[PDB]
Amino acid sequence: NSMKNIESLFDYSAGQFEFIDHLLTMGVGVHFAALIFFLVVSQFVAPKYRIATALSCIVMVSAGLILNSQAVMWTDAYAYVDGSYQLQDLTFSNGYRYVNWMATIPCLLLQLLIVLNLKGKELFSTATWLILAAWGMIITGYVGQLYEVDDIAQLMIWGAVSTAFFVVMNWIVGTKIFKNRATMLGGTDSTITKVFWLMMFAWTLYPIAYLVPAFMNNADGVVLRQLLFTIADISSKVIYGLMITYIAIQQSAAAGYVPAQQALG
Ligand SMILES: CCCCCCCC/C=C\CCCCCCCC(=O)OC[C@H](O)CO
Ligand SMILES: *C\C=C(C)/C=C/C=C(C)/C=C/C1=C(C)CCCC1(C)C
Ligand SMILES: CCCCCCCC/C=C\CCCCCCCC(=O)O
Ligand SMILES: CCCCCCCC/C=C\CCCCCCCC(=O)O
Ligand SMILES: CCCCCCCC/C=C\CCCCCCCC(=O)O
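Counting in the entry's author numbering, the final residue of the sequence shown is number 263, and the numbers go up one at a time with none missing.
Below you can see the structure in the form of structure tokens.
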């Protein structure tokens, strides 16, 4: 998978290579810092919603381990030689992020459905269609980026297929939010609409990074893609989880859970 990504095509200046390394390692620290937060505030969530904050912990660690794995793969693969970092081994590839997405996206979706107060048949049914649409998106996406070096045309048509799943996924998500918004407590009917618009923005950065090979095939495009992945990860995983957590606590408080009411107090 190494040779099929544009990272293997270029040498990098010390500044480019350390900026990328620092993006990944900072990504590690942010996620593991938020994990502690999500862990601590779990005691303040009513049992109804406590699973949502647990899913955020799972996402933080899932993301933090892959980012930490990328950081080390990145430093293993390149060596500073004659004024530039040059590929030394086929150890780095973007495919591990797509694994991170296969795993984290179901958790991110399930934590949304939980605070929407779905349950039983509907929860299990909606979750199945969302996870299947999402995996189709990710899988067709992973296939396309195998060609970002060799066959740009294939990257695009696999991206087209991937985008179809994305649109259908977002339509289901939005439909369930706007139909169950009135069931939410403590005023969170207002906050969940903002979470959806956060989702739309943050999730759309990935397909933009996915296309960098086609419109910026150079080492600065490699930096830019990683920068875009870093903003997208922080927004779609960390900030989103914080908002999901805030909604969980607020509704817990409005439901008469005292540890929630004392925390907000
Ligand atoms: C492969 C190329 C095809 C390109 C795709 C062209 C169509 C894009 C249309 C909408 C954006 C999709 C995002 C869907 C936004 C959520 C919609 C929604 O929430 O529906 C509201 C609901 O009906 C109220 O109850
Ligand atoms: C870390 C969390 C998330 C939710 C990752 C989201 C990724 C996507 C929405 C990916 C989308 C793609 C599109 C729509 C088509 C090109 C290929 C991608 C998989 C990158
Ligand atoms: C921002 C990163 C810095 C991390 C250092 C934090 C060190 C302490 C780690 C977590 C323990 C703090 C949480 C204590 C539980 C509070 C429950 C209560 O309110 O009684
Ligand atoms: C991949 C296709 C199948 C996907 C199945 C997804 C359905 C999973 C449903 C729930 C799993 C964990 C959450 C538990 C529900 C919370 C119930 C409660 O809090 O009382
Ligand atoms: C590894 C777990 C995958 C789960 C499969 C079930 C979910 C179905 C999702 C979408 C199917 C898309 C299949 C298209 C792949 C064609 C690429 C190829 O040639 O291998």
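Every residue, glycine too, gets a C-beta built ideally from N, C-alpha and C.
C-beta atoms of residue i and residue j nearer than 8 Å
{"i": "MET154", "j": "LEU196", "result": "no"}
{"i": "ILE136", "j": "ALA50", "result": "no"}
{"i": "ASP148", "j": "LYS2", "result": "yes"}
{"i": "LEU21", "j": "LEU225", "result": "yes"}
{"i": "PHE42", "j": "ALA253", "result": "no"}
{"i": "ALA32", "j": "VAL221", "result": "no"}
{"i": "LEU262", "j": "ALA246", "result": "no"}
{"i": "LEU203", "j": "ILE229", "result": "yes"}
{"i": "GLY93", "j": "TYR140", "result": "yes"}
{"i": "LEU106", "j": "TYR238", "result": "yes"}
{"i": "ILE18", "j": "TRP72", "result": "yes"}
{"i": "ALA44", "j": "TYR255", "result": "yes"}
Cβ distance (whole Å) where residue i is taken to contact residue j below 8 Å
{"i": "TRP201", "j": "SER234", "result": "6 Å"}
{"i": "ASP187", "j": "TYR83", "result": "Not really, about 51 Å apart at Cβ, beyond 8 Å."}
{"i": "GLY157", "j": "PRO211", "result": "That pair is no contact at about 11 Å."}
{"i": "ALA125", "j": "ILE103", "result": "So it is not a contact: roughly 11 Å between Cβ atoms."}
{"i": "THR243", "j": "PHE36", "result": "7 Å"}
{"i": "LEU85", "j": "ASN178", "result": "Wrong, their Cβ atoms sit about 50 Å apart, outside the cutoff."}
{"i": "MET182", "j": "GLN109", "result": "Contact doesn't hold; Cβ gap of about 14 Å is too wide."}
{"i": "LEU130", "j": "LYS174", "result": "At roughly 15 Å, the Cβ-Cβ gap does not stay under 8 Å, so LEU130 and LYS174 are not in contact."}
{"i": "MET167", "j": "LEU128", "result": "6 Å"}
{"i": "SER91", "j": "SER0", "result": "5 Å"}
Residue i, buried or exposed, once every other Cβ within 10 Å from all chains shown has been counted against 16
{"i": "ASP231", "result": "buried"}
{"i": "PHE164", "result": "buried"}
{"i": "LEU88", "result": "exposed"}
{"i": "residue 266", "result": "Because the chain spans -1 through 263 in this model, residue 266 falls outside it and cannot be assessed."}
{"i": "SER54", "result": "buried"}
{"i": "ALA61", "result": "buried"}
{"i": "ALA12", "result": "exposed"}
{"i": "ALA77", "result": "exposed"}
{"i": "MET198", "result": "exposed"}
{"i": "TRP169", "result": "exposed"}
{"i": "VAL28", "result": "buried"}
{"i": "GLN260", "result": "exposed"}
{"i": "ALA75", "result": "buried"}
{"i": "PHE227", "result": "buried"}
{"i": "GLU5", "result": "buried"}
{"i": "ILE34", "result": "exposed"}
{"i": "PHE176", "result": "exposed"}
{"i": "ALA69", "result": "buried"}
{"i": "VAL79", "result": "exposed"}
{"i": "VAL38", "result": "exposed"}
{"i": "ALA207", "result": "buried"}
{"i": "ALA217", "result": "buried"}
{"i": "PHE15", "result": "buried"}
{"i": "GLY142", "result": "buried"}
According to DSSP, residues forming a beta bridge with residue i
{"i": "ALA77", "result": "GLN84"}
{"i": "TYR10", "result": "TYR83"}
**OP:** Let me know the beta strand (DSSP E) ranges lying completely inside the stretch 225 to 249, each 3 residues or longer, listed in chain order.
**Re:** none
Original post:
Taking only runs of the beta strand (DSSP E) that begin and end inside the stretch 102 to 136, which ones reach a length of at least 3 residues, in chain order?
Top reply: The DSSP assignment places no complete run of the beta strand (DSSP E) inside the stretch 102 to 136 (cut-off: 3 residues).
Subject >> Whole beta strand (DSSP E) elements within the stretch 15 to 94, 3-residue minimum >> reply: 76 to 79, 82 to 85
Subject >> alpha helix (DSSP H) segments (min. 4 residues) lying fully within the stretch 129 to 182 >> reply: 150 to 178
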